Amino acid sequence: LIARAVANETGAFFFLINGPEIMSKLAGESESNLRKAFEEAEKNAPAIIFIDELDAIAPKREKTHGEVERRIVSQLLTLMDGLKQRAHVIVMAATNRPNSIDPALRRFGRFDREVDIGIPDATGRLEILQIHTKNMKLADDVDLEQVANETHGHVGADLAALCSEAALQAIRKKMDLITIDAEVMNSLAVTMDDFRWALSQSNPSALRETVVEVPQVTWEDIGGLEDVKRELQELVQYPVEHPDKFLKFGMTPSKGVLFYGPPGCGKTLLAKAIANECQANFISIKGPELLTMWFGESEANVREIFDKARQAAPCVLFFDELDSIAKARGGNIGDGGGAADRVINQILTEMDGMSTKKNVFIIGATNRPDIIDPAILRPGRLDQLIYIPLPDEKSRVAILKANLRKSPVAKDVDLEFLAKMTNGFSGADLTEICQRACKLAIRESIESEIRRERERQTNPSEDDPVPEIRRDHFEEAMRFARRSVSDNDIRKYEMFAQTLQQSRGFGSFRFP
Amino acid sequence: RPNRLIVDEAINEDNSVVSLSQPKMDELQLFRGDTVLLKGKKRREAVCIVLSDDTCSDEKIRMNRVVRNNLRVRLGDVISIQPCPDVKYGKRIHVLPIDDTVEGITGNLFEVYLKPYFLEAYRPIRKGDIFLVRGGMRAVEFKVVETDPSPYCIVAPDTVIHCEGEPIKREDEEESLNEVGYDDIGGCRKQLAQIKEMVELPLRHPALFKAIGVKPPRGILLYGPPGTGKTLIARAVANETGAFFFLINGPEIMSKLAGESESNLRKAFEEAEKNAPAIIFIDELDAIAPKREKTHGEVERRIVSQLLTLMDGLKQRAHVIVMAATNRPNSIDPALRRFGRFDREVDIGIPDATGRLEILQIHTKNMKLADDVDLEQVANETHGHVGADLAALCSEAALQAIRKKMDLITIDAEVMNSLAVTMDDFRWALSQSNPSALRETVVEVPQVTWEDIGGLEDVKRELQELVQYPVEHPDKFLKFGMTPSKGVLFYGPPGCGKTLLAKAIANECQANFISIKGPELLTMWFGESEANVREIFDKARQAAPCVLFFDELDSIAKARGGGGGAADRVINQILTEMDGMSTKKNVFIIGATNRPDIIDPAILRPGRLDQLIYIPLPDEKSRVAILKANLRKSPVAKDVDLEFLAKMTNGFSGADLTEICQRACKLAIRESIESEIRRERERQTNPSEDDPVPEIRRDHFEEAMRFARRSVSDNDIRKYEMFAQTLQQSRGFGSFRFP
């Protein structure tokens, strides 16, 4: 669609080469078809030759077993090289991944410009839904924003299928009741019922794909930590907002930072917030992914990750648990080996090879800064160490408000008081309290609905019993509230930070 | 016009019964037994008895395939329903067999087929109607070429029921009942409904879809173990929708010479194009287009590319749906699963006990089974049987009966009808079964209920809140803006009903239940096949709503010692799959572990098995319920006081109570066998009855309690209680009151 739209809007002649179609033809006929396509593009220049499923024609040389396949790949390379004489003919080609095709095609003069379409974000999904529902008559009930937010893992073909499924659900509903009359279609409409049913029946095709998008988190979602906000700004926003200042003062922007602190205190929230403030893409590498690379010895994939971060820049590449592999080896005492491991070694290799001009910022997070490999805290690496402590009262209030944003909460509740009485609670604990309150409210609502329906059953002869989460709901939820971070863990983190700070003497330094 | 009604699938198998929804006969003013002359296409009339039912929709009329065919209508069509009081009885009806259906049956065809039909059953018969009599083990079609009070008559004992020989030739516009239909398919009612909803609109209303201008389903990939009748499903869908059916056989295509295979594929797609709307079924798709790695020759890749090209070119073909059969989604080239290709998918899977019973009824439909057989018992005992396996089992039972008859003794139909299969034959066939899907993962709604495990009311409430509420009240969760919990972790002494609890909660929500035992996790760990975890979750995703149960999450931790950390490859993959699990899908993860201490902490984080539920040893009421459930299928003397037995079994796990019940049952069996041996020995020594032990007596339970052991020591209970108390003590802040 992108290639055809570009050709149509620029007025260029569009020629489509389907890889499977080329490979379907007998030996020699594939070469003839490729040559004829390129000749036709030459004749109608300016032209765009779009090769769909390029990996079908020219996969990795290992995947090309037959001699005719290699001959076809060589013919494609020859045509790409001969483009030099072919006046203003551009060849676009679709592929699943850059490594899916023969590397010889990615050389200069051949497919050298590359664009990663990737997966649409919530805004992108909303745009796609609006495009595919343009003709569709939709009831005022449907808000495509909610569908876009809920359609994670969809690519656009998935969204088109979802819209078609909703339309067909509506048509099925209105078909048994009733060449076909367009008045029925105008009357026909789709509601959130149809769209939610389609969402339930939809099978996203890009759930495994890495998410690369600007996070919707903001500094308000995590109050307090103003000093951490300032440090993150200086380390991410300034190099991208004011490269001129860094050039003038001749400083190299820091490549990354390492968050350390109690679990579930908002390190991920902080990384997403700083990515959002700079409107930079955010890539999250969770601890399970690092452990998957370590167990499977797939540390090569680390390179791919960084490529992704390089491809979508400026970026905040976030490693949720850098100590995950260290813990998996024992961590506190570990095995007989040292702190170095294959996956973290590859991370260091990629960080060293990162061009600072690309504005890709690495943020590591760890609840065990002691067991992190020291080689990653060196200059030119995650040199800065930032302590993310347990949220303070203002931070707790902000976290509670952020959690209770999609939940209708009675004005009677004093979130300020609740935050006041939750000293020592991590953000995870506050989220647990809010979820418990929502659980109690939902249970009360369902029980009241059951009682009402039973009353109707016993008496054939309506308002929401509980439309909001009430003061009593939170009071009950606080009974199950627990502090996941004990005072001993806080002491450990405070001792680590104090050890780091004590070495920072020489503060009584003054020029003469 | 009230007479307009939509044809629908029948429940009752009678060929002259049309069911109607309860609020509709009154509107049309019927009498639950009145003769109604339904009108269909081609100016076809069929007179039938109108029954009543609840499941039927107000505007829907349930019709069996025979009445549908003689009315020249299909499911979803519109027919005119109106009473036919002028249905007076008749004197002579000239029925005649169809040539095809009696091609090899010799006999009277009356007192065997036409007599049991119409006997004590006043079936209204219209001239030209074709009715099916399923007797012996054939299904004979009989066409009424003449009735004395034409066109409609009622068969009565005072009727000639005249018939002759010379079977007539089936006319062009007659769809032989031997053709596959939805009634010929069992064990995939859910998947069959999915496929029907997918393909009915594009096929039943092609031009309406074209003017519609919305994307139709192009490729439907039915996977599941072989023998589940996927070809049967496709053929039935094509027949019931009137769509042209073209069968492409993978091996047949690959057998042809290079180029001839391409020509065959192209010609198949062209033929489907011509006779649109059409269904192209590609049986054994993996044969044509396996994983590219499996494909070696140039011709193989060329034929795969040709198939992809045809699938992509479907866009210009008039309402042609391509269905393909495969063992697993990964068995075929990934390029086939792209959009514009086999993007729609259905997992037929192995049938469940209900599905197995449906299949057995379908395959024994013609069989003149003895009254002794209860197909429910066979369906319950045929675990691991695909539809093909059950067909083979029914065939083997019939062959056993035929062999016995031949030993007692082109063939007379009377003895064939007399020939009856008994539960002895079915059990013999079950012994010589060799099911083909014993190792396939079982995905079904468990039959366990909360009654099988009494007590644990708080655990019942938690499980309900965590599983039933999100699937039964999504609106509430949306309103309150809560994300349903992804899963829970049961912990407690072994054999205390954790599996029972998971199965019970799955049953209450009528959700599929997938059990992953500790040996499976250890197999993935030892073989380093943790990738299989993904497949498991995929399966669970395919069967949503589902309760994915991990019986021993600590199995790998135990296998490692219970020097490294708690992380391991298999549990790491479980974490990865759980994180990538969309909460919109109602897949609920339940983990069970006798050793919560050695469980990887990463699994207990929010967004994972965050809730920890302690399943203690059964209390007295739970013990009574466990004893009752264990002995449900065992004849137990009324003298036994299960309440007293539960009272005296404090500290016993559910496994211990099951052991006691099994010990008593085995003692009773031993006593029965010894008494029978003694009785036959006496008969031999004194040739010269009643069951010596018809039930498990109280003495048997008293003897069994001698060997009764407490599998869970007080120290283990202390450990679990200490764990629970450590969890609880952290949950302070109870004295929190808003100002």
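Residues numbered from 1 in each chain as written, not as in the entry; some residues may be left out. Chains lettered and ligands numbered in written order. Part of a larger assembly, values for the part shown. Heavy atoms only, no water.

The record names cryo-EM as the way this model was obtained, at a resolution of 2.3 Å.

**Here's the deal with the side chain of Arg292 of chain B**
Tracing the chain through its elements places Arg292 of chain B in the loop between α8 (285–288) and α9 (298–313). For the buried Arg292 of chain B, which has no salt bridge, the nearest side chain bearing the opposite charge is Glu69 of chain A, at an N-O separation of 4.6 Å. When residues no more than four places from it in sequence are discounted, the contact partners of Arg292 of chain B are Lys63, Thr64 and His65 of chain A together with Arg301 and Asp333 of chain B. (Helix = DSSP H or I, 4+ residues; strand = E, 2+ residues; numbered from the N terminus. Buried < 20%, exposed > 50% of the residue type's maximum accessible area, 1.4 Å probe, protein only. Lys, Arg positive; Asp, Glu negative; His and termini not counted. Salt bridge = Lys/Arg side-chain N within 4 Å of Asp/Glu carboxyl O. Contact = heavy atoms within 4.5 Å.)

**Here we look at the environment of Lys42 of chain B**
Residue and element names in this part refer to chain B. Along the chain, the position of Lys42 falls in the loop between β3 (35–39) and β4 (45–53). The class of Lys42 is exposed, set by a relative accessible area of 52%. The spatial distance from the C-alpha of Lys42 to the C-alpha of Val73 is 9.0 Å, given a sequence separation of 31 residues. Not counting the four nearest positions on each side in its chain, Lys42 is found in contact with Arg72 and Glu173.

**What to know about the UniProt feature "binding site: ATP 1" in chain B**
Residue and element names in this part refer to chain B. Under the local residue numbering, the UniProt record ascribes the feature "binding site: ATP 1" to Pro226, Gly227, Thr228, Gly229, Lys230, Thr231, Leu232, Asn327 and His363. Maximum C-alpha separation among the annotated residues is 23.4 Å over a sequence range of 138 residues, too wide for a single clustered spot. In this structure, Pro226 is in contact with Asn327, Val386 and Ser436, ignoring residues within four places of it in sequence. With respect to the element layout, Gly229 can be found in the loop between β12 (219–223) and α5 (230–240). (UniProt positions renumbered as here; feature names shortened; annotations may be inferred.)

**Focus: unusual backbone geometry**
The bulk of non-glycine residues show a negative phi, and the bulk of peptide bonds are trans. Here the residue pair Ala45 of chain A and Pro46 of chain A is connected by a cis peptide bond, since its omega of 0° sits within 30 degrees of zero. The omega torsion across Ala276 of chain B and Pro277 of chain B is 0°, close enough to zero to call that bond cis. As for its placement among the helices and strands, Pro277 of chain B is situated in the loop between α7 (260–274) and β14 (278–283). A positive phi angle, close to 55°, is found at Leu225 of chain A, a residue other than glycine. Considering the arrangement of structural elements, one finds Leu225 of chain A in the loop between α10 (192–201) and α11 (226–241). Exposure remark for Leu225 of chain A: the relative accessible area of 11% places this residue in the buried category. Positive phi, close to 55°, is recorded for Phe733 of chain B, a residue that is not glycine. With respect to the helices and strands, the residue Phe733 of chain B is situated in the segment after α26 (714–730).

**Focus on the interface of chain B and chain A**
Listed by partner, the interface residues are 71 residues for chain B and 83 residues for chain A. Carbon and sulfur atoms make up 57% of the area that chain B and chain A hide from each other, which totals about 6700 Å². For the interface between chain B and chain A, the tally reads 12 salt bridges. The salt bridge involving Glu53 of chain A is made with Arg341 of chain B; its shortest N-O contact spans 2.5 Å. Joining chain B to chain A, the criterion identifies 29 residue pairs in polar contact. (Buried area = accessible area lost by both parts, 1.4 Å probe. Polar contact = N/O pair within 3.5 Å; in protein donor to acceptor, adjacent residues only side chain to side chain.)

**Digging into the packing of aromatic side chains**
A complete count under the given rule lists 26 aromatic pairs over all chains for this structure. Considering the side-chain rings of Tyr117 of chain B and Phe131 of chain B, the 5.2 Å spacing of their centres and the 10° angle between planes classify their relative orientation as stacked. Taken together, the positions of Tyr117 of chain B in the loop between β7 (93–97) and β8 (124–126) and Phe131 of chain B in strand β9 (residues 130–135) put the pair 14 residues apart, joining distant regions of the chain. Each ring, one from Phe131 of chain B and one from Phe142 of chain B, has its centre 5.9 Å from the other, and the planes form 40°; the classification is tilted. In this pair, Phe131 of chain B is assigned in strand β9 and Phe142 of chain B in strand β10 (residues 138–147), connecting sequence segments 11 residues apart. Among the aromatic residues, those joined into a ring-pair cluster are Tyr260, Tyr387, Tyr493 and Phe496 of chain A. One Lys or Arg, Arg436 of chain A, reaches over the ring of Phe480 of chain A and ends 4.2 Å from the middle of that ring. (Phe/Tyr/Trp six-rings, centres within 6.5 Å; stacked < 30°, edge-to-face > 60°. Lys NZ or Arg CZ within 6 Å of the ring centre and 35° of its normal.)

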